file entry_15.csv (CSV, N, CA and C atoms and all ligand atoms)
chain,number,residue,atom,x,y,z
A,1,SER,N,-15.8,187.9,175.2
A,1,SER,CA,-14.9,188.6,176.1
A,1,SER,C,-14.5,187.7,177.3
A,2,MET,N,-15.2,186.6,177.5
A,2,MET,CA,-14.9,185.6,178.6
A,2,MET,C,-13.8,184.6,178.1
A,3,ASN,N,-13.1,184.0,179.1
A,3,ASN,CA,-12.2,182.9,178.7
A,3,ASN,C,-12.9,181.6,178.5
A,4,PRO,N,-12.5,180.8,177.5
A,4,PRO,CA,-13.0,179.5,177.4
A,4,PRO,C,-12.3,178.5,178.4
A,5,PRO,N,-12.8,177.3,178.5
A,5,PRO,CA,-12.1,176.3,179.1
A,5,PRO,C,-10.7,176.1,178.5
A,6,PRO,N,-9.7,175.8,179.2
A,6,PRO,CA,-8.4,175.6,178.5
A,6,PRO,C,-8.4,174.3,177.7
A,7,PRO,N,-7.4,174.1,176.8
A,7,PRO,CA,-7.2,172.9,176.1
A,7,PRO,C,-7.1,171.7,177.1
A,8,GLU,N,-7.5,170.5,176.7
A,8,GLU,CA,-7.3,169.3,177.4
A,8,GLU,C,-5.8,169.0,177.7
A,9,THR,N,-5.5,168.6,178.9
A,9,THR,CA,-4.2,168.0,179.2
A,9,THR,C,-4.2,166.6,179.8
A,10,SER,N,-5.4,166.1,179.9
A,10,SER,CA,-5.6,164.8,180.6
A,10,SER,C,-6.8,164.1,179.9
A,11,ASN,N,-6.6,162.9,179.4
A,11,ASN,CA,-7.7,162.1,178.8
A,11,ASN,C,-7.3,160.7,179.0
A,12,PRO,N,-7.8,160.0,180.0
A,12,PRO,CA,-7.4,158.6,180.3
A,12,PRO,C,-7.7,157.6,179.2
A,13,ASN,N,-8.7,157.9,178.4
A,13,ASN,CA,-9.0,157.0,177.3
A,13,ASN,C,-8.2,157.2,176.0
A,14,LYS,N,-7.4,158.3,176.0
A,14,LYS,CA,-6.5,158.6,174.8
A,14,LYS,C,-5.3,157.7,174.9
A,15,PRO,N,-4.9,156.9,173.9
A,15,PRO,CA,-3.7,156.1,174.1
A,15,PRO,C,-2.5,156.9,174.1
A,16,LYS,N,-1.5,156.5,174.8
A,16,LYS,CA,-0.3,157.3,175.1
A,16,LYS,C,1.0,156.5,174.8
A,17,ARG,N,2.1,157.2,174.5
A,17,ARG,CA,3.4,156.6,174.5
A,17,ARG,C,4.4,157.6,175.0
A,18,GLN,N,5.5,157.0,175.4
A,18,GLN,CA,6.7,157.8,175.8
A,18,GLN,C,7.8,157.3,174.9
A,19,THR,N,8.1,158.1,173.8
A,19,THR,CA,9.1,157.8,172.8
A,19,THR,C,10.3,158.7,172.9
A,20,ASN,N,11.4,158.3,172.4
A,20,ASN,CA,12.6,159.1,172.4
A,20,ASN,C,12.4,160.5,171.8
A,21,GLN,N,11.6,160.6,170.7
A,21,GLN,CA,11.3,161.8,170.1
A,21,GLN,C,10.4,162.7,171.1
A,22,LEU,N,9.4,162.1,171.7
A,22,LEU,CA,8.7,162.9,172.7
A,22,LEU,C,9.6,163.3,173.9
A,23,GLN,N,10.5,162.5,174.3
A,23,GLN,CA,11.4,162.8,175.4
A,23,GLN,C,12.2,164.0,175.0
A,24,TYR,N,12.7,164.1,173.7
A,24,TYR,CA,13.5,165.2,173.2
A,24,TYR,C,12.6,166.5,173.2
A,25,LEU,N,11.4,166.4,172.8
A,25,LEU,CA,10.4,167.5,172.8
A,25,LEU,C,10.3,168.1,174.2
A,26,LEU,N,10.4,167.3,175.2
A,26,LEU,CA,10.4,167.8,176.6
A,26,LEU,C,11.7,168.4,177.0
A,27,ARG,N,12.8,167.5,176.9
A,27,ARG,CA,14.1,167.8,177.5
A,27,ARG,C,14.9,168.9,176.8
A,28,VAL,N,14.7,168.9,175.4
A,28,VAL,CA,15.3,169.9,174.6
A,28,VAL,C,14.4,171.0,174.2
A,29,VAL,N,13.3,170.6,173.5
A,29,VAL,CA,12.5,171.7,172.8
A,29,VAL,C,11.8,172.6,173.8
A,30,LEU,N,10.9,172.0,174.6
A,30,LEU,CA,10.2,172.8,175.6
A,30,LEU,C,11.1,173.4,176.6
A,31,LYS,N,12.1,172.7,177.1
A,31,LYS,CA,13.0,173.3,178.1
A,31,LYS,C,13.7,174.6,177.5
A,32,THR,N,14.1,174.5,176.3
A,32,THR,CA,14.8,175.6,175.6
A,32,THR,C,13.9,176.8,175.5
A,33,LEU,N,12.7,176.6,175.0
A,33,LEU,CA,11.8,177.7,174.8
A,33,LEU,C,11.3,178.3,176.1
A,34,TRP,N,11.1,177.4,177.1
A,34,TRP,CA,10.5,177.9,178.4
A,34,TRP,C,11.4,178.8,179.2
A,35,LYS,N,12.7,178.6,179.1
A,35,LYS,CA,13.7,179.4,179.8
A,35,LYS,C,14.0,180.7,179.1
A,36,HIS,N,13.6,180.9,177.9
A,36,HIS,CA,13.9,182.1,177.1
A,36,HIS,C,13.3,183.3,177.7
A,37,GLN,N,14.0,184.5,177.5
A,37,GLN,CA,13.6,185.7,178.1
A,37,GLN,C,12.2,186.2,177.5
A,38,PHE,N,11.8,185.6,176.4
A,38,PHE,CA,10.5,186.0,175.7
A,38,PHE,C,9.4,184.9,176.0
A,39,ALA,N,9.7,183.9,176.8
A,39,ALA,CA,8.7,182.9,177.1
A,39,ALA,C,7.4,183.3,177.8
A,40,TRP,N,7.5,184.3,178.7
A,40,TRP,CA,6.5,184.5,179.7
A,40,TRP,C,5.1,184.7,179.1
A,41,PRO,N,4.9,185.4,177.9
A,41,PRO,CA,3.5,185.5,177.4
A,41,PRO,C,2.9,184.2,177.0
A,42,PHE,N,3.7,183.2,176.7
A,42,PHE,CA,3.4,181.9,176.1
A,42,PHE,C,3.4,180.7,177.2
A,43,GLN,N,3.6,181.1,178.5
A,43,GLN,CA,3.7,180.0,179.5
A,43,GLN,C,2.4,179.6,180.1
A,44,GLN,N,1.3,180.1,179.6
A,44,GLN,CA,-0.1,179.8,180.1
A,44,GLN,C,-1.0,180.2,179.0
A,45,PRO,N,-2.2,179.7,179.1
A,45,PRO,CA,-3.3,180.2,178.2
A,45,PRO,C,-3.5,181.7,178.3
A,46,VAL,N,-3.8,182.3,177.1
A,46,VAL,CA,-4.2,183.7,177.1
A,46,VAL,C,-5.4,184.0,178.0
A,47,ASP,N,-5.2,184.9,178.9
A,47,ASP,CA,-6.3,185.4,179.8
A,47,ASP,C,-6.8,186.7,179.1
A,48,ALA,N,-7.8,186.5,178.3
A,48,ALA,CA,-8.4,187.5,177.5
A,48,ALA,C,-9.1,188.5,178.4
A,49,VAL,N,-9.5,188.2,179.6
A,49,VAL,CA,-10.1,189.1,180.6
A,49,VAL,C,-9.0,190.0,181.2
A,50,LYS,N,-8.0,189.4,181.8
A,50,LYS,CA,-7.0,190.3,182.4
A,50,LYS,C,-6.2,191.1,181.4
A,51,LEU,N,-6.0,190.5,180.2
A,51,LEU,CA,-5.3,191.3,179.1
A,51,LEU,C,-6.2,192.2,178.3
A,52,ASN,N,-7.5,192.2,178.6
A,52,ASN,CA,-8.4,193.1,177.9
A,52,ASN,C,-8.4,192.9,176.4
A,53,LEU,N,-8.6,191.6,176.0
A,53,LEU,CA,-8.6,191.2,174.6
A,53,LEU,C,-9.9,190.5,174.3
A,54,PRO,N,-11.0,191.3,174.4
A,54,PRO,CA,-12.3,190.6,174.3
A,54,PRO,C,-12.7,189.8,173.1
A,55,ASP,N,-12.0,190.2,172.0
A,55,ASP,CA,-12.1,189.5,170.7
A,55,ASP,C,-11.1,188.3,170.5
A,56,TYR,N,-10.2,188.0,171.4
A,56,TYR,CA,-9.2,187.0,171.2
A,56,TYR,C,-9.7,185.7,170.8
A,57,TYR,N,-10.7,185.2,171.6
A,57,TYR,CA,-11.2,183.9,171.4
A,57,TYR,C,-12.4,183.9,170.3
A,58,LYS,N,-12.8,185.0,169.9
A,58,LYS,CA,-13.6,185.2,168.6
A,58,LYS,C,-12.7,184.8,167.4
A,59,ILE,N,-11.4,185.2,167.5
A,59,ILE,CA,-10.5,185.0,166.4
A,59,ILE,C,-9.7,183.7,166.4
A,60,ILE,N,-9.3,183.3,167.7
A,60,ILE,CA,-8.5,182.1,167.9
A,60,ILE,C,-9.3,181.0,168.4
A,61,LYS,N,-9.6,180.1,167.5
A,61,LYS,CA,-10.5,179.0,167.8
A,61,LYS,C,-9.8,177.7,168.2
A,62,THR,N,-8.4,177.7,168.1
A,62,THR,CA,-7.6,176.5,168.5
A,62,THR,C,-6.5,177.1,169.4
A,63,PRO,N,-6.8,177.6,170.6
A,63,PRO,CA,-5.8,178.2,171.5
A,63,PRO,C,-4.7,177.2,171.9
A,64,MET,N,-3.5,177.6,172.0
A,64,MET,CA,-2.4,176.7,172.5
A,64,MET,C,-1.3,177.5,173.1
A,65,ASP,N,-0.6,177.0,174.1
A,65,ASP,CA,0.4,177.7,174.8
A,65,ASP,C,1.3,176.7,175.4
A,66,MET,N,2.5,177.2,175.9
A,66,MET,CA,3.5,176.2,176.4
A,66,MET,C,3.2,175.6,177.7
A,67,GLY,N,2.3,176.3,178.5
A,67,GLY,CA,1.8,175.8,179.8
A,67,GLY,C,1.1,174.5,179.5
A,68,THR,N,0.2,174.5,178.6
A,68,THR,CA,-0.6,173.4,178.1
A,68,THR,C,0.3,172.3,177.5
A,69,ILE,N,1.3,172.7,176.7
A,69,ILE,CA,2.3,171.7,176.1
A,69,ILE,C,3.1,171.0,177.2
A,70,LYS,N,3.5,171.8,178.1
A,70,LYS,CA,4.3,171.3,179.3
A,70,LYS,C,3.6,170.3,180.1
A,71,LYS,N,2.3,170.6,180.4
A,71,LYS,CA,1.4,169.6,181.0
A,71,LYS,C,1.2,168.3,180.2
A,72,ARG,N,1.0,168.5,178.9
A,72,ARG,CA,0.8,167.4,178.0
A,72,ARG,C,2.1,166.5,178.0
A,73,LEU,N,3.2,167.1,178.0
A,73,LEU,CA,4.5,166.3,177.9
A,73,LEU,C,4.7,165.6,179.2
A,74,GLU,N,4.5,166.3,180.3
A,74,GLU,CA,4.8,165.8,181.6
A,74,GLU,C,3.8,164.7,182.0
A,75,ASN,N,2.6,164.7,181.4
A,75,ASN,CA,1.5,163.8,181.7
A,75,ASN,C,1.4,162.7,180.6
A,76,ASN,N,2.4,162.7,179.8
A,76,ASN,CA,2.4,161.7,178.6
A,76,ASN,C,1.1,161.7,177.9
A,77,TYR,N,0.7,162.9,177.5
A,77,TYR,CA,-0.6,163.0,176.8
A,77,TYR,C,-0.6,162.5,175.4
A,78,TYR,N,0.6,162.6,174.7
A,78,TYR,CA,0.7,162.4,173.3
A,78,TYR,C,0.9,160.9,172.9
A,79,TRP,N,0.5,160.6,171.7
A,79,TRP,CA,1.0,159.4,171.0
A,79,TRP,C,2.3,159.5,170.3
A,80,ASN,N,2.4,160.7,169.6
A,80,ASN,CA,3.6,160.9,168.8
A,80,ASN,C,4.1,162.3,168.8
A,81,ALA,N,5.3,162.5,168.2
A,81,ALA,CA,6.0,163.8,168.2
A,81,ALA,C,5.3,164.8,167.4
A,82,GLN,N,4.7,164.3,166.3
A,82,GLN,CA,4.0,165.2,165.4
A,82,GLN,C,2.8,166.0,166.1
A,83,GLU,N,2.1,165.3,167.0
A,83,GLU,CA,1.0,165.9,167.8
A,83,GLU,C,1.5,167.1,168.6
A,84,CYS,N,2.7,166.9,169.2
A,84,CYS,CA,3.3,168.0,170.0
A,84,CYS,C,3.9,169.2,169.1
A,85,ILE,N,4.6,168.8,168.0
A,85,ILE,CA,5.0,169.7,167.1
A,85,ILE,C,3.9,170.6,166.6
A,86,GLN,N,2.7,170.0,166.3
A,86,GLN,CA,1.6,170.7,165.8
A,86,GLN,C,1.1,171.7,166.9
A,87,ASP,N,1.2,171.3,168.2
A,87,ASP,CA,0.8,172.2,169.3
A,87,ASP,C,1.7,173.5,169.3
A,88,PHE,N,3.0,173.3,169.2
A,88,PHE,CA,3.9,174.5,169.1
A,88,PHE,C,3.5,175.3,167.9
A,89,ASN,N,3.3,174.7,166.7
A,89,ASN,CA,3.0,175.5,165.5
A,89,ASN,C,1.7,176.2,165.6
A,90,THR,N,0.7,175.6,166.3
A,90,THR,CA,-0.5,176.3,166.6
A,90,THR,C,-0.3,177.5,167.4
A,91,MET,N,0.5,177.4,168.5
A,91,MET,CA,0.8,178.5,169.3
A,91,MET,C,1.4,179.7,168.5
A,92,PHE,N,2.4,179.4,167.7
A,92,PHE,CA,3.0,180.5,166.9
A,92,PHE,C,2.0,181.1,165.9
A,93,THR,N,1.3,180.3,165.2
A,93,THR,CA,0.3,180.7,164.2
A,93,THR,C,-0.8,181.6,164.8
A,94,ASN,N,-1.3,181.2,166.0
A,94,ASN,CA,-2.3,182.0,166.7
A,94,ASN,C,-1.8,183.4,166.9
A,95,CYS,N,-0.5,183.5,167.3
A,95,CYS,CA,0.1,184.8,167.6
A,95,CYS,C,0.1,185.7,166.3
A,96,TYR,N,0.5,185.1,165.3
A,96,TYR,CA,0.6,185.8,164.0
A,96,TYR,C,-0.8,186.1,163.4
A,97,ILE,N,-1.7,185.2,163.6
A,97,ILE,CA,-3.1,185.5,163.2
A,97,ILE,C,-3.7,186.7,164.0
A,98,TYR,N,-3.5,186.7,165.3
A,98,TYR,CA,-4.2,187.7,166.1
A,98,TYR,C,-3.5,189.1,166.0
A,99,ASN,N,-2.2,189.1,166.1
A,99,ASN,CA,-1.5,190.3,166.2
A,99,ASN,C,-1.0,190.9,164.8
A,100,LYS,N,-0.4,192.1,164.9
A,100,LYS,CA,0.1,192.7,163.6
A,100,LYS,C,1.6,192.6,163.5
A,101,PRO,N,2.2,192.6,162.3
A,101,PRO,CA,3.6,192.5,162.2
A,101,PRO,C,4.4,193.5,163.0
A,102,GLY,N,5.5,193.2,163.6
A,102,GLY,CA,6.3,194.1,164.4
A,102,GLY,C,5.7,194.4,165.7
A,103,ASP,N,4.5,193.9,166.1
A,103,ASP,CA,4.1,193.9,167.5
A,103,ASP,C,5.2,193.2,168.3
A,104,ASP,N,5.5,193.7,169.5
A,104,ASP,CA,6.4,193.0,170.4
A,104,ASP,C,6.1,191.5,170.5
A,105,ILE,N,4.8,191.1,170.7
A,105,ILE,CA,4.4,189.8,170.9
A,105,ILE,C,4.8,188.9,169.7
A,106,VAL,N,4.7,189.5,168.5
A,106,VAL,CA,5.1,188.8,167.3
A,106,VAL,C,6.6,188.6,167.2
A,107,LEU,N,7.4,189.6,167.5
A,107,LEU,CA,8.8,189.4,167.6
A,107,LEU,C,9.3,188.3,168.6
A,108,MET,N,8.5,188.3,169.7
A,108,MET,CA,8.7,187.3,170.8
A,108,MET,C,8.5,185.9,170.2
A,109,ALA,N,7.3,185.7,169.6
A,109,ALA,CA,7.0,184.4,169.0
A,109,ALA,C,8.0,184.0,167.9
A,110,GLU,N,8.5,185.0,167.1
A,110,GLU,CA,9.5,184.7,166.1
A,110,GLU,C,10.8,184.2,166.7
A,111,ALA,N,11.2,184.8,167.8
A,111,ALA,CA,12.5,184.4,168.5
A,111,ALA,C,12.3,183.0,169.0
A,112,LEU,N,11.1,182.6,169.5
A,112,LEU,CA,11.0,181.3,170.1
A,112,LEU,C,10.9,180.3,168.9
A,113,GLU,N,10.2,180.7,167.9
A,113,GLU,CA,9.9,179.8,166.7
A,113,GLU,C,11.3,179.5,166.0
A,114,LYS,N,12.2,180.5,165.9
A,114,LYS,CA,13.5,180.3,165.3
A,114,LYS,C,14.2,179.1,166.1
A,115,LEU,N,14.2,179.2,167.4
A,115,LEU,CA,14.8,178.2,168.2
A,115,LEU,C,14.1,176.8,168.1
A,116,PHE,N,12.8,176.9,168.1
A,116,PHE,CA,12.0,175.7,167.9
A,116,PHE,C,12.4,175.0,166.6
A,117,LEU,N,12.5,175.7,165.5
A,117,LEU,CA,12.9,175.2,164.2
A,117,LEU,C,14.3,174.6,164.2
A,118,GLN,N,15.2,175.2,164.9
A,118,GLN,CA,16.6,174.7,165.0
A,118,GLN,C,16.6,173.4,165.8
A,119,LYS,N,15.8,173.3,166.8
A,119,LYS,CA,15.7,172.1,167.6
A,119,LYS,C,15.0,170.9,166.9
A,120,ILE,N,13.9,171.2,166.2
A,120,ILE,CA,13.2,170.2,165.4
A,120,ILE,C,14.0,169.6,164.3
A,121,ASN,N,14.8,170.4,163.7
A,121,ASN,CA,15.7,170.0,162.6
A,121,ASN,C,16.6,168.9,163.1
A,122,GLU,N,16.8,168.7,164.4
A,122,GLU,CA,17.6,167.6,164.9
A,122,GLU,C,16.8,166.7,165.8
A,123,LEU,N,15.5,166.6,165.6
A,123,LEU,CA,14.7,165.6,166.2
A,123,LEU,C,15.4,164.2,165.9
A,124,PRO,N,15.6,163.4,166.9
A,124,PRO,CA,16.3,162.1,166.7
A,124,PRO,C,15.4,161.1,166.0
A,125,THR,N,16.0,160.2,165.3
A,125,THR,CA,15.3,159.1,164.6
A,125,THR,C,14.6,158.3,165.7
A,126,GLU,N,13.4,157.7,165.4
A,126,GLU,CA,12.8,156.8,166.4
A,126,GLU,C,13.6,155.6,166.8
A,127,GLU,N,13.6,155.2,168.0
A,127,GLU,CA,14.3,154.0,168.5
A,127,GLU,C,13.5,152.8,168.1
B,201,LIG,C1,-2.3,185.0,181.4
B,201,LIG,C2,-1.9,185.8,180.2
B,201,LIG,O1,-2.8,185.9,179.3
B,201,LIG,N1,-0.6,186.4,180.1
B,201,LIG,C3,0.0,187.2,179.1
B,201,LIG,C4,0.9,188.2,179.5
B,201,LIG,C5,1.4,189.1,178.5
B,201,LIG,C6,1.1,189.0,177.1
B,201,LIG,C7,0.2,187.9,176.8
B,201,LIG,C8,-0.2,187.8,175.4
B,201,LIG,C9,0.0,186.5,174.8
B,201,LIG,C10,-0.3,186.2,173.5
B,201,LIG,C11,-0.2,184.8,172.9
B,201,LIG,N2,-0.8,187.2,172.7
B,201,LIG,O2,-1.0,187.0,171.4
B,201,LIG,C12,-1.0,188.6,173.2
B,201,LIG,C13,-1.6,189.6,172.4
B,201,LIG,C14,-1.9,190.9,172.8
B,201,LIG,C15,-1.6,191.2,174.2
B,201,LIG,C16,-1.0,190.2,175.0
B,201,LIG,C17,-0.7,188.9,174.6
B,201,LIG,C18,-0.3,187.0,177.7
call {"tool": "encode", "arguments": {"input": "entry_15.csv", "output": "structure tokens"}}
result
Amino acid sequence: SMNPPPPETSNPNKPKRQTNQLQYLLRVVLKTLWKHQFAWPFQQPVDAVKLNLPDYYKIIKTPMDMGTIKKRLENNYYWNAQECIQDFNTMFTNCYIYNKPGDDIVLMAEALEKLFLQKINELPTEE
């Protein structure tokens, strides 16, 4: 019923790059999803205490959210675009794993995921 530590957003010994694909993930992908009317539940880690979801972290063992993604991108946490893509996909998947079809939160995730897919379809070739 308690919250875990959040995911890492800083690790000085993890090697880092700033690639055109990662820049796109920040300037296009994250910015597009973040501004969306359905972004708010996904803008920070799930607070299973305040939301009274005492089983959330019993079920979701790889938590991820756009707050975490945003910090990762802004602090050049990643080596490659696939790492970041995997974070978005983890976020969507968790939502679908925890919730039931047609729950509001699932429709919200689906709307963001549609946009995500459209933006990833035009990830630029590496420079
Ligand atoms: C800090 C925090 O947890 N905010 C928040 C606000 C509203 C909804 C959610 C939320 C977010 C997510 C990802 N899921 O799956 C939920 C499931 C059931 C109830 C609520 C949620 C999170």
call {"tool": "closest_atom_pairs", "arguments": {"input": "entry_15.csv", "of": "chain A", "to": "ligand LIG 201 (chain B)", "cutoff": "12 Å", "atoms": "only C-alpha atoms and all ligand atoms", "output": "CSV"}}
result
residue,atom,partner,partner_atom,distance
A:3,CA,B:LIG201,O1,9.9
A:6,CA,B:LIG201,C1,11.6
A:38,CA,B:LIG201,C6,10.0
A:39,CA,B:LIG201,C5,9.7
A:40,CA,B:LIG201,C4,6.7
A:41,CA,B:LIG201,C18,4.1
A:42,CA,B:LIG201,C11,5.6
A:43,CA,B:LIG201,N1,7.7
A:44,CA,B:LIG201,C1,5.8
A:45,CA,B:LIG201,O1,5.8
A:46,CA,B:LIG201,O1,3.4
A:47,CA,B:LIG201,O1,3.6
A:48,CA,B:LIG201,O1,6.1
A:49,CA,B:LIG201,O1,8.1
A:50,CA,B:LIG201,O1,6.8
A:51,CA,B:LIG201,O1,6.0
A:52,CA,B:LIG201,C15,8.0
A:53,CA,B:LIG201,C14,6.9
A:54,CA,B:LIG201,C14,10.5
A:55,CA,B:LIG201,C14,10.5
A:56,CA,B:LIG201,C13,8.1
A:57,CA,B:LIG201,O2,10.7
A:59,CA,B:LIG201,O2,10.9
A:60,CA,B:LIG201,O2,9.6
A:62,CA,B:LIG201,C11,12.0
A:63,CA,B:LIG201,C11,8.8
A:64,CA,B:LIG201,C11,8.4
A:65,CA,B:LIG201,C11,7.4
A:66,CA,B:LIG201,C11,10.0
A:67,CA,B:LIG201,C1,10.2
A:88,CA,B:LIG201,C11,11.7
A:90,CA,B:LIG201,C11,10.6
A:91,CA,B:LIG201,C11,7.3
A:92,CA,B:LIG201,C11,8.0
A:93,CA,B:LIG201,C11,9.6
A:94,CA,B:LIG201,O2,7.0
A:95,CA,B:LIG201,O2,4.5
A:96,CA,B:LIG201,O2,7.7
A:97,CA,B:LIG201,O2,8.6
A:98,CA,B:LIG201,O2,6.2
A:99,CA,B:LIG201,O2,6.2
A:100,CA,B:LIG201,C13,9.5
A:101,CA,B:LIG201,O2,11.7
A:103,CA,B:LIG201,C14,8.5
A:104,CA,B:LIG201,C14,8.9
A:105,CA,B:LIG201,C12,6.0
A:106,CA,B:LIG201,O2,7.6
A:107,CA,B:LIG201,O2,10.8
A:108,CA,B:LIG201,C10,9.5
A:109,CA,B:LIG201,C11,8.2
A:110,CA,B:LIG201,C11,11.8
call {"tool": "closest_residue", "arguments": {"input": "entry_15.csv", "among": "A:32, A:86, A:68, A:75", "to": "residue 114 in chain A", "atoms": "only C-alpha atoms"}}
result
A:32
call {"tool": "closest_residue", "arguments": {"input": "entry_15.csv", "among": "A:124, A:2, A:111, A:119", "to": "residue 37 in chain A", "atoms": "only C-alpha atoms"}}
result
A:111
call {"tool": "select_by_dssp", "arguments": {"input": "entry_15.csv", "residues": "range 28-81 of chain A", "states": "alpha helix (DSSP H)", "output": "list in words"}}
result
residues 31, 32, 33, 34, 56, 57, 58, 59, 66, 67, 68, 69, 70, 71, 72, 73, 74 and 81 of chain A
